[PDB]
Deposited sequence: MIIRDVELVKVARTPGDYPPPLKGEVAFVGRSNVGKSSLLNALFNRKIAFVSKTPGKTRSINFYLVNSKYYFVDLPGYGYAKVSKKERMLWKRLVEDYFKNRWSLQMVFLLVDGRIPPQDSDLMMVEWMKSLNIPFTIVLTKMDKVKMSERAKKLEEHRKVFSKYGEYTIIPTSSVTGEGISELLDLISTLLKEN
């Protein structure tokens, strides 16, 4: 699916977004959630726009005072970019969901923005705690709806195949 990847646009305001093409997905989560390693594992190599295959975008959203800057930035994208097919919400698999994670879920719901939960850092979860940590995520998010939750690791490759297959379905 992924063959060519180029960072083509760094946007500080909505007037800065490149023309919609043949598809678009985005990625967001807390700072230090492992978003960069994830994108790298996927690519296998402000709002930043990566041209993929010359016809789609993978959008790298800012990780969450400067708080209001981040706030306006993401909101203008969500409310103005109707060609957004899916937001991947990355949450640290090592701890229970964060208040701010649940707020993103609620916020995305009010705008009818489709999203998929992605658990990161699963290779850092101890054998004996994988179970307890997994339902903490499923039990908490499921009180907002019935969402797709993909356990992933950019180190072991867990979930990457499925994330890639989901993204191919959406865009192709």
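J.: Can you list the gaps, in order, where the deposited sequence has no modelled residues?
T.: The deposited sequence has unmodelled segments at 1, 47-59, 79-85, 194-195.
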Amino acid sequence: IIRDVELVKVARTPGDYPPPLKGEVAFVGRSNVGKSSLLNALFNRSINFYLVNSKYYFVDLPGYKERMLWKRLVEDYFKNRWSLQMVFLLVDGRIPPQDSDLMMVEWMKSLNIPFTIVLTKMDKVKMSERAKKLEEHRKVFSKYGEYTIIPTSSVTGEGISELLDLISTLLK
From here on, numbers count along this sequence of modelled residues.
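J.: Output the stretch having the higher mean C-alpha B factor in the entry; the candidates are 82-90 and 95-103.
T.: Comparing 82-90 with 95-103, the higher mean C-alpha B-factor belongs to 95-103.
J.: Which has the higher mean CA temperature factor in the PDB entry, 30-38 or 139-147?
T.: Between 30-38 and 139-147, it is 139-147 that shows the higher mean C-alpha B-factor.
J.: Specify which of 134, 59, 52, 122 carries the largest Cα B factor in the deposited PDB entry.
T.: Top of the list by C-alpha B-factor: 134.
J.: Which third of the chain holds residue 8 when residues are ordered by C-alpha B factor: lowest, middle or highest?
T.: According to the entry, residue 8 has a C-alpha B-factor in the chain's lowest third.
J.: Which third, lowest, middle or highest, does the C-alpha temperature factor of residue 112 belong to within its own chain?
T.: For residue 112, the deposited C-alpha B-factor lands in the middle third.
J.: Tell me, lowest, middle or highest third: where does the Cα B factor of residue 170 rank within its chain?
T.: As the PDB entry reports it, the C-alpha B-factor of residue 170 lands in the middle third of its chain.
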